[PDB]
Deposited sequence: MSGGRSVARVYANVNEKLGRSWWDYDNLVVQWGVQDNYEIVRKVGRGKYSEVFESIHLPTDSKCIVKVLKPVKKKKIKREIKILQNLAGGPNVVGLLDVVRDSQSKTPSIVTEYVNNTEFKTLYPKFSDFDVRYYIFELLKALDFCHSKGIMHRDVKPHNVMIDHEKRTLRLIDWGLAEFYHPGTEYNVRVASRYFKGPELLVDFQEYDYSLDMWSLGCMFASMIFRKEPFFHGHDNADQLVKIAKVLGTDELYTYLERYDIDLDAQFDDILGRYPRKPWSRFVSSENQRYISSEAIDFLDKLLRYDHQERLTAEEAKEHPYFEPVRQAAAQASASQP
């Protein structure tokens, strides 16, 4: 398997674009930042609201815990500089003694998605998904997969109507035929390729994750596919897409399933998208939304829309018009 778009981007841009092992960071002055308030903690980071003291301006300091992965995240954030709806890198600093690095990013006025998403209109969903598609089409066009696309990593200032894709700590460069680690993404947003241990994945992983997110929004069910473990996650997906399309996909990519799917995985017919429509979510539902969702949520990553193809979908016509 090789990506159907942007496969040769890292080839064309060469070693100085993707070789993060040999990154030399020009560290900023740590005493130029003051930390004010912790805003959050991750598996990999603490995040604090802070001040850039020379300018007295609001910013974020992300303190990070292998060295390899710090360099990857920094090199990606430098390469993505200037890109639409990508979180802006302000600096990289570290402790004088301990050498613990921190990434300094722009501050965003987020509304938590459990609160924000239900307040959305149909146009709002169309608009923010379109804004997210600009960020993903940008990073894919630069040889980079995000690999952790989920609502926590999409920051929305609903007053400014502005969007930022954050947390590039799982992101990687795409190299044709590379076998990538499948333990990426949070469980609810993992593509089938991660769940059957198909390692030769590409940018199209982000598009499955986008699909899950989009299903949450239009069907008002967070998360859409609610599995308990990685095994059950594939069962929840199979109970919607069906097992017929699953077996053709496995056959097509020569994937053999783990032995202990045979007890838990039954034969399920395809549930139509229409069966998820209710009184409460009908506000979001149109024939264009379902068709768009259908073209993102495919077993076969090579059948999913590209971010670019997705921007031309009729679903986004109210948004292209409103921008003229």
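Stretches of the deposited sequence lacking C-alpha coordinates, numbered from 1: 1 to 5, 71 to 72, 332 to 338.
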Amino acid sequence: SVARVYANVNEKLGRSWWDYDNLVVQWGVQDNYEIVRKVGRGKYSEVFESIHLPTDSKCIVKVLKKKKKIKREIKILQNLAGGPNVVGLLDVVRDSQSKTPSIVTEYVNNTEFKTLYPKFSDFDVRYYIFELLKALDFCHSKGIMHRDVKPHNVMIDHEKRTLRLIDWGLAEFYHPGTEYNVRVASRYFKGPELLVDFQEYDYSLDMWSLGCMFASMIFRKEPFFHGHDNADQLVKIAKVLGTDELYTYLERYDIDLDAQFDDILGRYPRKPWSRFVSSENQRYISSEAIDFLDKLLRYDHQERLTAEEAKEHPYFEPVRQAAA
From here on, numbers count along this sequence of modelled residues.
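A summary of the deposited B-factors shows that, of 212 to 220 and 156 to 164, the stretch with the larger mean C-alpha value is 156 to 164. For the pair 113 to 121 and 166 to 174, the mean Cα B-factor is higher in 113 to 121. Reading the B-factor column for the CA atoms of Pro84, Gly227, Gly191, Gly143 in the entry, the top value corresponds to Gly227.
For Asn8, the recorded CA B-factor ranks within the middle third of the chain. Only modelled residues enter the ranking. Remark: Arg15 belongs to the highest third of its chain, ranked by C-alpha B-factor as recorded.
In this PDB entry, the Cα temperature factor of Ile51 sits in the middle third of its chain's modelled residues. Sort the modelled residues of the chain by CA B factor and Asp294 lands in the lowest third. Ranked by C-alpha B-factor against the other modelled residues of its chain, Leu250 falls in the middle third.
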